[PDB]
Novice: 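Before I ask anything, let me first share the structure, which is written out below as structure tokens.
Labels below follow one simple rule: chain letters A, B, ... track the order of the sequence lines, proteins then strands, and each chain is numbered from 1.
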2 protein chains.
Amino acid sequence: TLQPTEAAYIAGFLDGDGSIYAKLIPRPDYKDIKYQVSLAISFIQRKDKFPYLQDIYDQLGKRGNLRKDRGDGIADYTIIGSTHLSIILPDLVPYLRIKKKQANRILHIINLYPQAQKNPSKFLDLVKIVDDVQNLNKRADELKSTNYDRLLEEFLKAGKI
Amino acid sequence: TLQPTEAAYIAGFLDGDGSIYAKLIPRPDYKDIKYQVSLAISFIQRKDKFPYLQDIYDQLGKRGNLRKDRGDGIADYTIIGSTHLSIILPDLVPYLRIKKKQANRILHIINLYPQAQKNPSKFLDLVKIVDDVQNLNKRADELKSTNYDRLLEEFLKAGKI
DNA sequence: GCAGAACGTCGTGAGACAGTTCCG
DNA sequence: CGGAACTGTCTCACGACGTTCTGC
Ligand SMILES: [Ca+2]
Ligand SMILES: [Ca+2]
Ligand SMILES: [Ca+2]
């Protein structure tokens, strides 16, 4: 299993060269809420250091997708979805510092999702947490995320709520 | 006073946003050899995250120097010298992965320095290890450090060897 | 005489997604 | 569908010193 010092290290490395983010994906094919909330954490590194990503991958149960080269000589390792994150984030959270908040927001989103997936009003509250996470990843002088505001208007205009 | 997971986290963070390097500092007022092999590890972070550095600083016995702004919106924390590094690195080496080689090469330099101090020939050998550490911090397609070649030419030309 | 503390910065190595394609 | 896997990349956030100031 993942030992304490391994999780501590990964958390430190994630606080350094990694990212914890959420996004709203337009889904034209979806049926009433034409969006899918995507959740993920990733580690990024110069391609020559790809082996170290592979090592973290193994320690995390081989969950996620490794990419030897994004195309710009950079390599990355991304773990998408509640399935993997529900198991991984709990192991890292006690050690995360810089990105600890973002991690908790993702976990919050994961627990709210089942009942928000087909309920416009609950979906909006969940979208507010998505904006929070995107803003936590922005400098203070950057335009804040406005997914909640935009979807609230969309939902009203469509009668959904 | 550093717990395993505390050291592992720091190691992971350093592997992420830190640096472990060695360099030659020209010393106009030195008496046989006019240079000093300076050693250090540093943590770098966007100014707005300075407080996380202040925390690591405290966890490492408050050794080193904290800069809220290098002058470009970037903050950093630098630990210079064998005195501090001879205590700090041994604690981090067990958990460093990416910069592990650099930490050990610095520890090596620390153990050879006393004798290389006033021995041009030994000083050069030690400088070779400085070049190794600088090379470790380069891509494979970059110019390899020339501290050894340039110092040797200076020493011969100055009749020191 | 010796060395750490500060300062300054070119050259990127990252981040944080946006899109688009793939799969049970 | 419902969601994950793969592609792609704009905008910085770093790095790893070279150089100069301070201290005993
Ligand atoms: Ca970083
Ligand atoms: Ca890095
Ligand atoms: Ca970084």
Novice: State whether B:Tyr148 and B:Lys128 meet the cation-pi test: NZ (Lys) or CZ (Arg) under 6.0 Å from the six-membered ring centroid, and within 45° of the perpendicular axis.
Specialist: yes

Novice: Taking atom P of D:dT19 as reference, at what distance in whole Å does atom CG of B:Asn147 sit?
Specialist: 11 Å

Novice: List the steps and the verdict of side chain to side chain contact (heavy atoms under 4.5 Å, CB included) for A:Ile10 and A:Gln59.
Specialist: CA-CA 9 Å; A:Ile10 291 187; A:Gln59 303 176 316; 3.8 Å; yes

Novice: Reckon B:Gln117 touches a base, only the sugar-phosphate, or nothing at all at heavy-atom distances under 4.0 Å?
Specialist: sugar-phosphate

Novice: Between D:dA16 atom P and B:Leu143 atom CG, what is the distance in whole Å?
Specialist: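 Value for this atom pair: 17 Å.
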
Novice: Need one value for B:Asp72: base, sugar-phosphate or nothing, where a base atom within 4.0 Å counts as base even if backbone is also close, heavy atoms only.
Specialist: base

Novice: Check whether B:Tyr9 forms a cation-pi arrangement with A:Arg97 (NZ or CZ under 6.0 Å from the six-membered ring centre, at most 45° off the ring normal).
Specialist: yes

Novice: Measure CD1/B:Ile25 against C1'/C:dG4 and give the value in whole Å, please.
Specialist: 8 Å

Novice: Tell me whether A:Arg105 is salt-bridged to A:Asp132, with the criterion being a basic N under 4.0 Å from an acidic carboxylate O.
Specialist: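 Result for this pair is yes, salt bridge flagged.
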
Novice: Please give, in whole Å, the distance from D:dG18 P to B:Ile80 CD1?
Specialist: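 Whole-Å distance recorded here is 13 Å.
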
Novice: Which is true for B:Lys31 with a 4.0 Å heavy-atom rule: it touches a base, it touches only sugar-phosphate, or it touches nothing?
Specialist: sugar-phosphate

Novice: Assess whether a salt bridge exists between B:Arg139 and B:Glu142, defined as any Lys/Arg side-chain N lying under 4.0 Å from an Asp/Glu carboxylate O.
Specialist: yes

Novice: Hey, is the side chain of B:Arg139 poking within less than 4.0 Å of OP1 or OP2 on C:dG13, counting only N and O atoms?
Specialist: yes

Novice: Compute both the distance and the angle, then confirm whether B:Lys160 meets the cation-pi test with B:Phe155: under 6.0 Å from the six-membered ring centre, within 45 degrees of the axis.
Specialist: no

Novice: Checking A:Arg63 against A:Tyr57: charged group under 6.0 Å from the ring centre and within 45 degrees of the axis?
Specialist: no

Novice: Have a look at A:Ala75 and say if it touches a base, only the backbone sugar-phosphate, or nothing, with a 4.0 Å heavy-atom cut-off.
Specialist: nothing

Novice: For the pair made of CD1 in A:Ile74 and P in D:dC14, what is the distance, rounded to whole Å?
Specialist: 14 Å

Novice: Using OP1 and OP2 only, check whether a side-chain N or O of B:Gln134 sits under 4.0 Å from D:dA16.
Specialist: no

Novice: Looking for any heavy atom pair under 4.0 Å, which part of the strands does B:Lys99 touch: base, sugar-phosphate only, or nothing?
Specialist: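 Sugar-phosphate contact only.
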
Novice: Is B:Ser19 close enough to D:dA16 that one of its side-chain N or O atoms is under 4.0 Å from OP1 or OP2 there?
Specialist: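 Result: yes.
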
Novice: Using a cut-off of strictly less than 4.0 Å, decide whether B:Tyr30 has a side-chain nitrogen or oxygen near OP1 or OP2 of C:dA3.
Specialist: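 So the side-chain polar atoms of B:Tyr30 do come within 4.0 Å of the phosphate oxygens OP1 or OP2 of C:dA3, strictly under.
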
Novice: What's the CG-P distance between A:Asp15 and C:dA14, to the nearest Å?
Specialist: 15 Å

Novice: Check whether any side-chain N or O of B:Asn137 sits under 4.0 Å from OP1 or OP2 of D:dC17, and answer yes or no.
Specialist: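 Checking D:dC17 against B:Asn137, a side-chain N or O does come within under 4.0 Å of OP1 or OP2.
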
Novice: Tell me what A:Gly81 touches on the nucleic acid: a base, only sugar-phosphate, or nothing, going by heavy atoms under 4.0 Å.
Specialist: sugar-phosphate

Novice: Out of curiosity, does B:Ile98 fall in the hydrophobic cluster containing A:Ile98 (side-chain heavy atoms, cut-off under 4.5 Å, transitive links)?
Specialist: no

Novice: Ignoring hydrogens and angles, are the base of D:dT7 and the side chain of A:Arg70 linked by a donor-acceptor pair under 3.5 Å?
Specialist: no

Novice: With no hydrogens and no angle check, is any side-chain donor or acceptor of A:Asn137 less than 3.5 Å from a backbone partner on A:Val133?
Specialist: yes

Novice: Among the nucleotides C:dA5, C:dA6, C:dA14, which one has an atom lying closest to any side-chain atom of B:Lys23?
Specialist: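 Nearest listed nucleotide: C:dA6.
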
Novice: Identify whether any heavy atom of B:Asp29 sits under 4.0 Å from a base atom; if not, whether one sits that close to sugar-phosphate; answer base, sugar-phosphate or nothing.
Specialist: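 The answer is base, as B:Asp29 lies within the cut-off (heavy atoms under 4.0 Å) of a base atom.
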
Novice: In residues 34-69 of chain B, which residues come under 4.0 Å of DNA chain C by heavy atom?
Specialist: B:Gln36, B:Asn65, B:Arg67

Novice: Quick one: B:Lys144 NZ to D:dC17 P, roughly how many Å, whole number?
Specialist: 13 Å

Novice: Donor-acceptor pair under 3.5 Å: do we get one between A:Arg27's side chain and the base of D:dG3?
Specialist: yes

Novice: Whole angstroms only, please: what is the CD1-P distance between B:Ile110 and C:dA3?
Specialist: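 The answer, rounded to whole Å, is 13 Å.
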
Novice: Contact class for B:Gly18 vs. all strands (heavy atom < 4.0 Å): base, sugar-phosphate, or nothing?
Specialist: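 Sugar-phosphate contact only.
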
